[PDB]
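Novice: One structure coming up, written as structure tokens, with questions to follow.
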Amino acid sequence: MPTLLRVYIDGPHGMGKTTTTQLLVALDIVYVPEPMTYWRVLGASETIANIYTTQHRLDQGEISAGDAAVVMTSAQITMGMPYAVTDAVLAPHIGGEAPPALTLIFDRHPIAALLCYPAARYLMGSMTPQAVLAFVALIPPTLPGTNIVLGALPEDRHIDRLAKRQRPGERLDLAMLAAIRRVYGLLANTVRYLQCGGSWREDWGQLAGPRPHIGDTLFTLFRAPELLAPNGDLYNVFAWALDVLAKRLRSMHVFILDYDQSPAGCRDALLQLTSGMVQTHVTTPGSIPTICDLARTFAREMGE
Amino acid sequence: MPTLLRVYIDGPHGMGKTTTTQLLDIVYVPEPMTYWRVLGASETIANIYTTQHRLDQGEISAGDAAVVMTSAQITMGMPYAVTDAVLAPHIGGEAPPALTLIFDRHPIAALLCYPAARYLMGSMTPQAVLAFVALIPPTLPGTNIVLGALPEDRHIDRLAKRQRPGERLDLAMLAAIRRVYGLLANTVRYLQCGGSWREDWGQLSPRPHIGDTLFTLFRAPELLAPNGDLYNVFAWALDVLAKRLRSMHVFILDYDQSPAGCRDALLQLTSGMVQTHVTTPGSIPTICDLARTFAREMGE
Ligand SMILES: Cc1cn([C@H]2C[C@H](O)[C@@H](CO)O2)c(=O)[nH]c1=O
Ligand SMILES: Cc1cn([C@H]2C[C@H](O)[C@@H](CO)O2)c(=O)[nH]c1=O
């Protein structure tokens, strides 16, 4: 049966993720871009502009935390929509883990919009930890062969790039760059932690390579007073959401790519990471052209 | 492994659902009122009814209401979503049952039905509605949904009897919501009798007419390209909707009767509901403790 290789390139914005994936594809391989047209027009109007303005208004004291949250949560649902439909429509074609007959290079995974940016916004004070856990409860079941490439880039180098790689409506917010950089750092650790045998419930009280300390994983973000019962423990609803988070991330295959290099450098470095990656079979022989066409339609309609 | 029967009592509010289910080897996962009012946010139900009210009075714009409405529906469905998420792994294949779980509403209530009704009320974008649909969890085996039957004036009488803290009798929402659950029941029959929305979509320009299914709501101008074409993103979310709903097992309960009769009728529908196997020996006790803990923490 034919196999498929799926690779999601994720991480904080401003590292050169979209460039190098395109470079990679410029070499039976399809790119699924960020759905900017959905973000700027189809799902709502100028969602990215809406996000950075809200935070700024909040930061300026022009709106309250409750107003920012209402707006952020809503904006986050719009941001993740194309990721979620694509994942759900793709799911029945993914077979068991197995050159690839088709390689799909995605620009971000559903968790970017359902976990990472919400978690970072929570840290920024524009989202509640309860809403983040709601998003987490809705993260779609992790398909076999979910390979995630996260990016690394020194912060000073990132700050300079960030001034550069702005979006229309995006504002230079270093506090946010730091929050999102931290959130993704916690993400990589959580996967290792979970794969090294870590159980958040067993270590809750404590709040490649060896197993990380729970305090160096995403679980640590949820030590908020809002989620704690009068008896000091997490309410079970929130505890159950942490169970889903651990369940979703434990099966992902996470790789780190050094972006502190030239565009062709990142491309060849990614081209090299891509071999130790899990492929999977497809559910029907004709899943390949189907998948191929989904990606192309997605690209053609929402890419921009 | 032992067997389980999951039964989700759903439909518009104000029909007497919670009351008749309480009158029923069987656990009851109640309505998460504590989560709505305290745990996830403060007085979510009040927040919802008040926003619609300000919208209605022109005190706020449709976009302001949509942001609030969307944000709140996330708070409303959280308990259903995690429960489903944590439950999924124990549900085995379809097959007296070792355990009977009676849920007060299914995830689709907060991820499809209320959002759709709110769009019908002008307080939620259809793009938001389709984002929630896209997030509807895969439909596990043995998902039996009991929906209700009750004449409007009789429902109004009941609606009046029990409104949750913060509610405002809104006959236009009663109508929008009864419309949605009516279309829902029609959509399931449609999907089961072989209906293809992609194939029947043009008619909007033995089975229910697509114009009488949930698909008709998404012939919304915001979802269409300049030439009238539905954008693919939205068409794919309709594919998910079709996929999620088709495998559901729907049962209708006539509420136009007494609580014990409603209770009797419900227990009666049980004979045709689909049971499933659990995945582990220990699935039953674990499922039991979840349902009991949920009840304990979130039922007020
Ligand atoms: C995917 C995603 C991106 N973004 C921001 C990061 C960049 O500013 C820009 C494009 O990724 O949008 C969000 O704010 N939320 C999201 O969920
Ligand atoms: C389940 C649900 C209920 N409601 C309302 C209906 C009733 O007012 C109350 C209890 O069902 O909550 C919503 O507004 N949204 C939801 O998603």
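All residue names refer to the structure tokens as shown: chains lettered A, B, ... in order, residues numbered from 1 in each chain, ligands numbered from 1 in order.
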Per residue of chain A within 8 Å of chain B, record the nearest atom pair and its distance in Å to one decimal, counting only C-alpha atoms, with rows in chain order and ascending residue number, as a tab-separated table.

Specialist:
```
residue	atom	partner	partner_atom	distance
A:42	CA	B:223	CA	7.5
A:43	CA	B:127	CA	5.6
A:44	CA	B:127	CA	7.7
A:70	CA	B:71	CA	5.4
A:71	CA	B:67	CA	5.9
A:73	CA	B:71	CA	5.8
A:74	CA	B:71	CA	5.6
A:77	CA	B:131	CA	6.7
A:78	CA	B:128	CA	7.0
A:81	CA	B:131	CA	5.2
A:82	CA	B:233	CA	6.6
A:84	CA	B:134	CA	6.0
A:85	CA	B:134	CA	5.1
A:86	CA	B:236	CA	7.7
A:88	CA	B:240	CA	6.8
A:89	CA	B:240	CA	6.8
A:130	CA	B:40	CA	5.5
A:131	CA	B:75	CA	6.8
A:134	CA	B:78	CA	5.2
A:137	CA	B:82	CA	5.2
A:138	CA	B:135	CA	6.4
A:139	CA	B:135	CA	8.0
A:140	CA	B:137	CA	7.2
A:226	CA	B:39	CA	7.7
A:227	CA	B:39	CA	7.5
A:235	CA	B:297	CA	7.8
A:236	CA	B:297	CA	7.6
A:237	CA	B:79	CA	6.7
A:240	CA	B:82	CA	6.4
A:241	CA	B:82	CA	6.0
A:243	CA	B:86	CA	7.5
A:244	CA	B:85	CA	6.6
A:297	CA	B:232	CA	7.6
A:298	CA	B:233	CA	7.5
A:301	CA	B:232	CA	7.6
```

Novice: Please dump the current selection as a short mmCIF file (atom, residue, chain, number, x, y, z; two decimals), in the first residue's frame; keep N, CA, C and O atoms.

Specialist:
```
data_model
loop_
_atom_site.label_atom_id
_atom_site.label_comp_id
_atom_site.auth_asym_id
_atom_site.auth_seq_id
_atom_site.Cartn_x
_atom_site.Cartn_y
_atom_site.Cartn_z
N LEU A 42 -12.16 35.63 4.70
CA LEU A 42 -13.20 34.63 4.75
C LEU A 42 -13.86 34.27 6.09
O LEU A 42 -15.10 34.12 6.13
N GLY A 43 -13.07 34.15 7.16
CA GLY A 43 -13.63 33.81 8.46
C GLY A 43 -14.10 35.04 9.20
O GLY A 43 -15.07 35.02 9.88
N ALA A 44 -13.35 36.11 9.05
CA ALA A 44 -13.66 37.39 9.67
C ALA A 44 -12.78 38.39 8.95
O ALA A 44 -11.95 38.00 8.15
N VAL A 70 -12.88 37.97 25.65
CA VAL A 70 -14.04 37.76 24.79
C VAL A 70 -13.61 37.87 23.33
O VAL A 70 -13.93 37.02 22.51
N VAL A 71 -12.83 38.92 23.04
CA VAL A 71 -12.33 39.15 21.69
C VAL A 71 -11.22 38.14 21.27
O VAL A 71 -11.23 37.65 20.14
N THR A 73 -10.55 35.00 22.49
CA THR A 73 -11.08 33.65 22.34
C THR A 73 -11.76 33.49 20.99
O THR A 73 -11.57 32.50 20.28
N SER A 74 -12.56 34.48 20.65
CA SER A 74 -13.31 34.51 19.41
C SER A 74 -12.37 34.56 18.22
O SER A 74 -12.58 33.89 17.24
N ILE A 77 -10.65 31.19 17.65
CA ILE A 77 -11.49 30.21 17.03
C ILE A 77 -11.43 30.39 15.50
O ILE A 77 -11.50 29.42 14.73
N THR A 78 -11.34 31.64 15.06
CA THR A 78 -11.26 31.96 13.63
C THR A 78 -9.90 31.52 13.09
O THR A 78 -9.81 30.90 12.03
N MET A 81 -9.77 27.66 12.63
CA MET A 81 -10.77 26.96 11.83
C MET A 81 -10.27 26.14 10.64
O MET A 81 -10.62 24.93 10.50
N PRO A 82 -9.42 26.72 9.78
CA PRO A 82 -8.92 25.97 8.63
C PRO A 82 -8.08 24.77 9.02
O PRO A 82 -8.04 23.79 8.30
N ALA A 84 -8.46 22.94 11.86
CA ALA A 84 -9.39 21.94 12.33
C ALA A 84 -10.18 21.26 11.20
O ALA A 84 -10.25 20.05 11.18
N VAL A 85 -10.76 22.00 10.24
CA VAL A 85 -11.49 21.31 9.18
C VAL A 85 -10.60 20.40 8.36
O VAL A 85 -10.99 19.29 8.00
N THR A 86 -9.40 20.90 8.05
CA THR A 86 -8.41 20.16 7.27
C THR A 86 -8.04 18.86 7.97
O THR A 86 -8.04 17.79 7.36
N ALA A 88 -9.86 17.25 10.28
CA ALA A 88 -11.02 16.36 10.33
C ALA A 88 -11.35 15.69 9.00
O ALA A 88 -11.85 14.57 8.96
N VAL A 89 -11.08 16.39 7.92
CA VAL A 89 -11.36 15.90 6.58
C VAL A 89 -10.25 14.98 6.09
O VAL A 89 -10.44 14.12 5.26
N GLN A 130 -9.25 29.05 31.81
CA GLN A 130 -10.39 28.17 31.58
C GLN A 130 -10.71 28.05 30.09
O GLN A 130 -11.07 26.96 29.61
N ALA A 131 -10.62 29.16 29.36
CA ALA A 131 -10.89 29.15 27.92
C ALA A 131 -9.80 28.34 27.19
O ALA A 131 -10.10 27.61 26.28
N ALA A 134 -10.49 24.82 27.48
CA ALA A 134 -11.66 24.51 26.67
C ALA A 134 -11.11 24.17 25.28
O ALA A 134 -11.43 23.18 24.71
N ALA A 137 -9.46 20.89 25.31
CA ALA A 137 -10.43 19.80 25.35
C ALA A 137 -10.91 19.50 23.94
O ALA A 137 -11.36 18.41 23.65
N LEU A 138 -10.78 20.46 23.05
CA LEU A 138 -11.23 20.31 21.66
C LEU A 138 -10.11 19.99 20.65
O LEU A 138 -10.37 19.95 19.43
N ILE A 139 -8.88 19.80 21.12
CA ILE A 139 -7.79 19.48 20.23
C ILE A 139 -8.18 18.15 19.61
O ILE A 139 -8.60 17.24 20.32
N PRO A 140 -8.15 18.04 18.27
CA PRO A 140 -8.53 16.77 17.62
C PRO A 140 -7.62 15.60 17.94
O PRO A 140 -6.45 15.77 18.23
N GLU A 226 -7.76 30.35 39.61
CA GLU A 226 -9.06 30.20 38.99
C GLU A 226 -9.44 28.74 38.83
O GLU A 226 -10.60 28.40 38.86
N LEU A 227 -8.45 27.89 38.59
CA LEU A 227 -8.70 26.48 38.35
C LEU A 227 -8.60 25.61 39.60
O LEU A 227 -8.84 24.40 39.55
N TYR A 235 -9.79 21.57 39.97
CA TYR A 235 -11.13 21.03 39.85
C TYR A 235 -10.96 19.90 38.83
O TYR A 235 -10.06 19.93 37.99
N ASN A 236 -11.77 18.86 38.96
CA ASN A 236 -11.72 17.73 38.07
C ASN A 236 -11.91 18.08 36.61
O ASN A 236 -11.25 17.50 35.79
N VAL A 237 -12.80 19.03 36.27
CA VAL A 237 -12.99 19.44 34.87
C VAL A 237 -11.67 19.83 34.24
O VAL A 237 -11.42 19.51 33.09
N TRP A 240 -9.27 16.87 34.03
CA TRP A 240 -9.62 16.04 32.88
C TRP A 240 -9.07 16.65 31.60
O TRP A 240 -8.65 15.92 30.69
N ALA A 241 -9.08 17.98 31.51
CA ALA A 241 -8.54 18.65 30.33
C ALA A 241 -7.02 18.43 30.24
O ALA A 241 -6.48 18.35 29.15
N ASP A 243 -5.54 15.77 31.20
CA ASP A 243 -5.45 14.38 30.76
C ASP A 243 -5.52 14.30 29.22
O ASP A 243 -4.89 13.44 28.61
N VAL A 244 -6.38 15.11 28.62
CA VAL A 244 -6.53 15.15 27.17
C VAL A 244 -5.26 15.72 26.54
O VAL A 244 -4.76 15.21 25.55
N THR A 297 -6.30 22.62 -2.98
CA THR A 297 -7.47 23.48 -2.88
C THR A 297 -7.31 24.41 -1.69
O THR A 297 -7.61 25.62 -1.76
N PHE A 298 -6.83 23.86 -0.58
CA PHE A 298 -6.60 24.66 0.60
C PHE A 298 -5.68 25.79 0.21
O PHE A 298 -5.99 26.95 0.41
N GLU A 301 -7.21 28.42 -2.17
CA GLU A 301 -8.26 29.26 -1.59
C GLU A 301 -7.85 30.13 -0.40
O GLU A 301 -8.30 31.29 -0.28
#
```

Novice: Could the residues of chain A that have an atom at most 6 Å from ligand 1 be listed as CSV, each with its closest atom pair and the distance in Å to one decimal, counting only C-alpha atoms and all ligand atoms and ordered by chain and ascending residue number?

Specialist:
```
residue,atom,partner,partner_atom_place_in_ligand_line,distance
A:13,CA,ligand 1,7 (C),5.2
A:48,CA,ligand 1,12 (O),5.4
A:76,CA,ligand 1,17 (O),5.6
A:79,CA,ligand 1,17 (O),5.0
A:80,CA,ligand 1,17 (O),5.9
A:112,CA,ligand 1,1 (C),5.4
A:113,CA,ligand 1,17 (O),3.4
A:117,CA,ligand 1,17 (O),5.1
A:170,CA,ligand 1,8 (O),5.7
```

Novice: Compile the contact shell of residue 36 in chain A as a PyMOL selection string: residues with an atom at most 6 Å away, counting only C-alpha atoms, same-chain residues fewer than 3 positions apart removed.

Specialist: chain A and resi 39-40+302-304

Novice: Given a cut-off of 9 Å, what residues near ligand 2 show up using only C-alpha atoms and all ligand atoms, put as a compact mmCIF listing (two decimals) with C-alpha atoms, in the first residue's frame?

Specialist:
```txt
# COMPACT_ATOMS: atom_id res chain seq x y z
CA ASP B 10 -31.14 16.69 24.26
CA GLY B 11 -33.35 19.26 22.55
CA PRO B 12 -34.57 22.77 23.27
CA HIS B 13 -34.60 24.00 26.85
CA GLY B 14 -37.93 24.45 28.66
CA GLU B 31 -26.32 19.80 33.48
CA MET B 33 -24.63 24.56 36.04
CA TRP B 36 -21.46 27.80 33.73
CA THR B 44 -22.54 32.43 31.58
CA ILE B 45 -26.29 31.91 31.03
CA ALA B 46 -26.99 35.49 32.16
CA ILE B 48 -25.81 35.10 26.97
CA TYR B 49 -29.39 36.31 27.49
CA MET B 69 -21.86 34.82 22.01
CA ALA B 72 -19.62 32.06 25.88
CA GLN B 73 -20.52 29.00 23.81
CA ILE B 74 -16.97 27.87 24.43
CA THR B 75 -17.63 28.09 28.20
CA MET B 76 -21.02 26.32 27.79
CA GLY B 77 -19.68 23.28 25.96
CA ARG B 105 -27.32 17.03 26.63
CA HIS B 106 -24.68 16.00 24.00
CA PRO B 107 -21.62 18.05 22.85
CA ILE B 108 -23.50 19.02 19.68
CA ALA B 109 -25.84 21.12 21.81
CA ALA B 110 -23.02 23.62 22.47
CA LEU B 111 -20.96 23.03 19.33
CA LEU B 112 -23.78 23.01 16.79
CA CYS B 113 -27.32 23.61 18.01
CA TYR B 114 -27.12 26.66 20.18
CA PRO B 115 -24.55 28.35 17.94
CA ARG B 118 -27.79 32.20 17.84
CA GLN B 163 -35.69 29.36 33.40
CA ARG B 164 -32.08 29.01 34.62
CA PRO B 165 -30.50 31.83 36.70
CA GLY B 166 -29.93 34.69 34.29
CA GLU B 167 -32.33 33.57 31.53
CA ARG B 168 -34.85 35.93 29.89
CA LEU B 169 -37.99 34.40 28.31
```

Novice: Which residues come within 10 Å of range 213-221 of chain B, counting only C-alpha atoms, excluding same-chain residues fewer than 5 positions away, as a PyMOL selection string?

Specialist: chain B and resi 112-113+116-117+119-120+125-127+129-130+179-191+197-198+200-201+203-205+208+226+228-230+234-235+238+241-242

Novice: Considering only C-alpha atoms, return as a PyMOL selection string whatever protein or nucleic-acid residues lie within 9 Å of range 256-261 of chain A, sequence-local ones (same chain, fewer than 6 positions apart) excluded.

Specialist: chain A and resi 15-17+148-154+157-158+188+269-270+273

Novice: If we count only C-alpha atoms, what is near residue 205 in chain A at a cut-off of 12 Å, once residues fewer than 6 positions away on the same chain are taken out, given as an MDAnalysis selection string?

Specialist: chainID A and resid 199 213:215 219:220 223 232:234
